[PDB]
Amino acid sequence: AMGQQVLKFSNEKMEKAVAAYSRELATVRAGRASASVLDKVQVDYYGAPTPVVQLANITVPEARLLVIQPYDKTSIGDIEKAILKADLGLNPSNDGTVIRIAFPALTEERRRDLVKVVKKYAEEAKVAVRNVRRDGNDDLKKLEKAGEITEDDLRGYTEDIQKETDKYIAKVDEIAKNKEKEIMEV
């Protein structure tokens, strides 16, 4: 039926709201490790002062750790030399293929502010999931009036949508809780 259709389409709209939420949380970090931390760091690469970023793939696998994997591994030594000179208060390690910099966690104060941010996004996401429910309930009410759906179906598919709304509201909460824990406990 087109009800099945509205449910699938609605479940997808909800899944997209969760995706957007998770994206927002991707930048909410508990440590000082961040790519931006190397913005004004330049290395003479082939007699050309070029930004670290342009010479390496920068990642932050865990709160307290910045990892820099250069495209030209022979440039490691010069990249660490440039980071020490930056004097950001960083003691770079070297793997032979990757450079690693330890960074402390954010202050606990900044940390509790980020939890607030996690909740703004948590609440924004729930509003989006609720709008999907409304939009879907509306699209069912119409399908029923158009004669695509029966009354028996309008109640069934309405309940169905309500159930998923609760599933995705729970999902958002779960994500928020995990993110908050992640942030406060290290």
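Each residue number is its position in the shown sequence, starting from 1.
Original post:
Mean CA B-factor: is it higher for 42-50 or for 66-74?
Top reply: The stretch with the larger mean CA B-factor is 42-50.
Original post:
Higher mean Cα B-factor in the deposited model: 28-36 or 150-158?
Top reply: Averaged over C-alpha atoms, the B-factors run higher in 150-158.
**OP:** Could you look up the Cα B-factor of residue 86 in the entry and say which third of the chain it sits in: lowest, middle or highest?
**Re:** Within its chain, residue 86 is a highest-third residue by C-alpha B-factor, going by the deposited values.
Subject >> Third of the chain's Cα B-factor distribution that residue 92 belongs to, per the entry >> reply: Tercile = highest for this residue's CA B-factor.
Subject >> residue 163, C-alpha B-factor rank within chain (lowest, middle or highest third) >> reply: Highest third of the chain for residue 163's C-alpha B-factor.
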